[PDB]
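> Encoded as structure tokens, here's the structure I'll be asking about.
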Amino acid sequence: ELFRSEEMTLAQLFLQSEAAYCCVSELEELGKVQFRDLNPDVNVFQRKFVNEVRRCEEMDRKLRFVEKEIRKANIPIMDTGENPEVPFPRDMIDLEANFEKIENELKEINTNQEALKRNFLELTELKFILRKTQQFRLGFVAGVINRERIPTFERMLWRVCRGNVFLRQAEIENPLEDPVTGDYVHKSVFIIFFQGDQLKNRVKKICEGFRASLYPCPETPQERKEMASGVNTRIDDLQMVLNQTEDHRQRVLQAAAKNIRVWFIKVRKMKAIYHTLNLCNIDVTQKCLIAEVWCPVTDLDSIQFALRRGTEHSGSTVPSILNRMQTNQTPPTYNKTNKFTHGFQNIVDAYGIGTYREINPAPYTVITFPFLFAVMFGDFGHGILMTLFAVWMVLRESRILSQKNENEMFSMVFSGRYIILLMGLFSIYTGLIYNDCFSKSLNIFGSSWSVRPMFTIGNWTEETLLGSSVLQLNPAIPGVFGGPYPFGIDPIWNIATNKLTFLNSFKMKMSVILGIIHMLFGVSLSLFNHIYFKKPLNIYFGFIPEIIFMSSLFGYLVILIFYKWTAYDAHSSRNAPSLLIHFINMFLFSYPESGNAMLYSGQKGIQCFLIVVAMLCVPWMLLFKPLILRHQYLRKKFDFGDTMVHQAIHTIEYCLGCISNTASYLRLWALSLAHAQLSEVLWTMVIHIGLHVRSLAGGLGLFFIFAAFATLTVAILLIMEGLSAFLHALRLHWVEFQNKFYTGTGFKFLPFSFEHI
Amino acid sequence: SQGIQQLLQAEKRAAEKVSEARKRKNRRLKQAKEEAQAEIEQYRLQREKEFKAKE
């Protein structure tokens, strides 16, 4: 049951080889088991299934290659359905041949598409060259280039061949495509005339300088017509082949764009299956595969069913059944989780993983973390806004689960949606009882505050006239006061100038009380944890002296806080004692028989008694456990030094913790005050700009002014002070609560599954 | 774990038995020269009788 770490079971099994693949796959389809590593020597060439995994590694690279080609081509991958693994029979070889088929067809067909296209482009240039040259020892050359190069090209011809070259240029009837980049550019043809090879070499060197495309040409219209007939044949043939080349590439890409979905599932599962098989052992004589697992005790049957089914999905008859192990090391720790509980387990696991069978913080944390958050985050309106934010994530959940995760903030807040909603709801509850949103009341409650007529009763009537000119304080005297108040916080303290004194007395004393309570729960959990582990020494030398220490110190403080709230009132307020002073003078024995009045009969005796009783607990925690342990180890025929170091550290952390951790809950008051101040300032510095003396002139400004107010209150309060309270409350759990009981040391249980793909 | 230990013992006995069978059969292959002679003597005696009949 989830109040503690789940009971596991170590098991050993005799996995028949022909069933093995099937069994592993079924177990990963179930996703409720962790295999042990039985091969400490495992490495790239030491692994028993080198080839099988290496084939998967390469098939995955082949998938990635064909997928990249398909995605560059933007051909739609269908991504339909969901699929089983490959058979154990060697059918992966036919799949590997299919990978090679697609790859080889792409490499070939792509190269051909490029080459054919390049030839077609060159022959198009040559067709235009032949058509222009048809207008025409002496010789000539012809070619094409980007037209903007021609002016510099011709000037360079006369610059090198000093004032002497004959030539003609002609712009092409359309731009032509660049064979590498696919850029269409307005090229021009040229033809150049000269005598002898010496000039041929110069005009050629300049053509090379401008990267001009030269071509051979025949000397007459008739010989040019014969060449053009060749070109016209080649270019048509090339385009006919290229059309079918491109069409075939599209079939190849489309076939693969179906297959990637299926192949990804098959390959990734297969890789994982063989990797899990590589954790098994096979000794030199060994026929079956020896394997070992941690399973939930509740699901020992579920894995045995999966083993029997794995054999039944195979030619094997051997059911591969397990034995339960007894000579066990401490198993990995597992907890089942769901939407309302997973984030709460995660924030617990994030400090540390509970010991096997250990009490689990997470179910208590499902309430107490939201509670501590809301006690700190005590605004009614922010409670609403937090609630609305998390509601919009929960309502859109089925949509959002399909979307991107690469926005990590969005991923985190969505992964927190349930925890965030709960704390938001509790923050309405706390914010309501504090009677505050943005330092504004809710008018739902009545009041204990007194109207001006109640001050006009002859007595104090002058103060109602002084009020026209000066500040005044109501001392809450009988007859004048509006009587004891039945709701949460009285609305009046929102508007009152002295309000912080009243509000602080509450939030301080409250936070102290809650802290004591939560620490008393944590030591109470320690007892139940020590009971489940059956440890008399930990109860007798730990829990008993510890709870007596804590309780004797803490009980008086809470008791006296309640006593002040009952025994003192307005007509006794002057010369009433300080609560904090009596607590300090208890802990230090230091009351000087004078100053502040004692509260009740025999209180000095109680102060002395409770402290002495707590002091008497210390030697049991500090030393008597180490001593009885030393005698037990000497009789049972470990280090006494390390035993003293550990037990002293724990005892010191508890004893000093009863100062520091007791004070630590003041964090609640602290941040609560900060939140309240921030909210009041953020209202006061902003909203009042829209509070003009006329309807229209104020209301138009108030729209934009309120949007700035919303932006700032979100960024500061709803985001950051929220994140503050969140992280503080986690700390309060991780130490001041948990350190009484939760060891938080163990392996995380890791179920093997396809879900990790 | 007794189950794997008993299996390992049977696998060891299986590996021993096949290895002893290989050694036994390799010794039988060397016996061919001993078993051959009685057939060789019968062929000699048959050809002797054939030659005496031809004489």
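Along the chain as shown, residues are numbered 1 onward.
Structure method, as recorded: electron microscopy, 3.8 Å.
A Cβ is built for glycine as well, from the same backbone N, Cα and C atoms used for every other residue.
When I checked Swiss-Prot for this same protein, it listed these features:
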- A:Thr220: phosphothreonine (MOD_RES)
- A:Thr330: phosphothreonine (MOD_RES)
- A:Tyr334: phosphotyrosine (MOD_RES)
- A:397-411: topological domain 'Cytoplasmic' (TOPO_DOM)
- A:442-505: topological domain 'Vacuolar' (TOPO_DOM)
- A:526-543: topological domain 'Cytoplasmic' (TOPO_DOM)
- A:565-609: topological domain 'Vacuolar' (TOPO_DOM)
- A:677-697: topological domain 'Vacuolar' (TOPO_DOM)
- A:359-377: transmembrane segment (TRANSMEM)
- A:380-396: transmembrane segment (TRANSMEM)
- A:412-441: transmembrane segment (TRANSMEM)
- A:506-525: transmembrane segment (TRANSMEM)
- A:544-564: transmembrane segment (TRANSMEM)
- A:610-629: transmembrane segment (TRANSMEM)
- A:652-676: transmembrane segment (TRANSMEM)
- A:698-736: transmembrane segment (TRANSMEM)
> DSSP three-state call for A:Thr220 (phosphothreonine): helix, strand or coil?
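Going by the DSSP assignment, A:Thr220 (phosphothreonine) belongs to neither helix nor strand, so it counts as coil.
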> Rounded to the nearest angstrom, how far is the Cα of A:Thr220 (phosphothreonine) from the Cα of A:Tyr334 (phosphotyrosine)?
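Roughly 90 Å, rounded to the nearest whole number.
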> Can you tell me which parts of the same chain pack against the topological domain 'Cytoplasmic' (A:526-543), counting only residues 6+ beyond its ends and a CB-CB cutoff under 8 A?
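Residues 4, 357-359, 620-621, 624-625, 628-629, 740-742 contact the topological domain 'Cytoplasmic' (A:526-543) from elsewhere in the chain.
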> Would you mind listing the long-range same-chain contacts of the transmembrane segment (A:506-525), meaning Cβ under 8 Å and 6+ residues beyond its ends?
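Contacts with the transmembrane segment (A:506-525): 359, 364, 368, 372, 375, 489, 543, 546-547, 550-551, 554, 557-558, 561, 579, 661-662, 664-669, 672-673, 732, 736-742.
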> Same-chain Cβ contacts of the transmembrane segment (A:359-377) under 8 Å, 6 or more residues past its ends?
2-5, 335, 340-341, 344-345, 347-348, 383, 386, 419, 422-423, 425-427, 429-431, 510-511, 514, 518, 521, 525, 528-529, 532, 667-668, 671-672, 675, 721-722, 725-726, 728-730, 732-733, 737-738, 741-742
> Out of A:412-441, A:544-564, A:610-629, A:652-676, A:698-736, what stretch is closest in contact terms to the transmembrane segment (A:380-396), meaning most Cβ pairs under 8 angstroms?
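Against the transmembrane segment (A:380-396), the leading stretch is A:412-441.
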> Would you count the other CB atoms within 10 A of the CB of A:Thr220 (phosphothreonine), including those on all shown protein chains?
10
> Thinking of Cβ pairs under 8 Å, which stretch from A:412-441, A:544-564, A:652-676, A:698-736 has the most of them with the transmembrane segment (A:610-629)?
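Highest pair count goes to A:544-564.
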> Using the structure shown, find which entry in A:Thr330, A:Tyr334 (the modified residues) has the sparsest Cβ neighbourhood within 10 Å.
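With the modified residues A:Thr330, A:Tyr334, fewest surrounding Cβ atoms within 10 Å: A:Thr330.
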> Within the same chain, where does the topological domain 'Vacuolar' (A:677-697) have neighbours whose Cβ lies under 8 angstroms from its own Cβ atoms, ignoring anything closer than 6 residues to its ends? I mean 6 or more beyond.
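That would be 379, 382, 437-440, 703-706, 708-709, 712-713, 716-717, 721.
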